[PDB]
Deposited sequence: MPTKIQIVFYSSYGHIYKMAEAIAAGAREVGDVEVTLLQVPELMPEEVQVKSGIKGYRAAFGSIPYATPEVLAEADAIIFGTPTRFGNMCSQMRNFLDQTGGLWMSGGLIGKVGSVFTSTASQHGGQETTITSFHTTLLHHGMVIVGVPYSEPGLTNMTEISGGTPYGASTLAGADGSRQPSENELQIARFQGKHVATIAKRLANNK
């Protein structure tokens, strides 16, 4: 085709960035896909800034945002608030949408951040994909871990110093491959 997977993210201290690398790695496990990383501007490198126009080109868009009190961050919100023209044109209708996040605390918006993000994706006419429980990481009870059936996640700790765990990255890779696979099936 190739099937086009965009990973649109904002990262403050690298947790979402590292998770985005993992989502990307997973999507890249599926043949005939083109993975494009896009970063969200604040209010170097060759990761372009997301624009509303470019989102139209995707078959799937996987969004990553750190939480801000259980909602997506203002940087992501501001970017999405600029997609009214894209909405008017039906630009994302029928495309696969998926979300991953990061939080400071164990249950401070690990889930709510994602489900509230889903709302916006639904207004854009997207089909929503999370992480199924066929991924063993989701049921881990041996170590503190992110990862939700709604989408992958990581924990940054109170001071932002915690690095994403191998369990959390595995879940994100799973999410990427799963989203890419569904998108490819829908696109062919």
Parts of the chain sequence, as deposited, that carry no C-alpha coordinates in this structure: 44-60, 206-207
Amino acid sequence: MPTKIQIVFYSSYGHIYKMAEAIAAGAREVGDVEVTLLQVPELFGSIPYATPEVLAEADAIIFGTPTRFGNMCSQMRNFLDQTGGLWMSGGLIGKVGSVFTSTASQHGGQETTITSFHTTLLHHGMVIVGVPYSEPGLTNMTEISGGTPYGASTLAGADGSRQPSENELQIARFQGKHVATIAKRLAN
From here on, numbers count along this sequence of modelled residues.
Segment of higher mean CA temperature factor, 27-35 or 57-65: 27-35
Mean C-alpha B-factor comparison - 123-131 and 137-145, higher one: 137-145
Selection from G94, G85, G97, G109 [criterion: highest C-alpha temperature factor in the record]: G85
Lowest, middle or highest third - CA B-factor, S105: highest
Chain thirds of CA B-factor: placement of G70: middle
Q175 by Cα B-factor - lowest, middle or highest third of the modelled chain: lowest
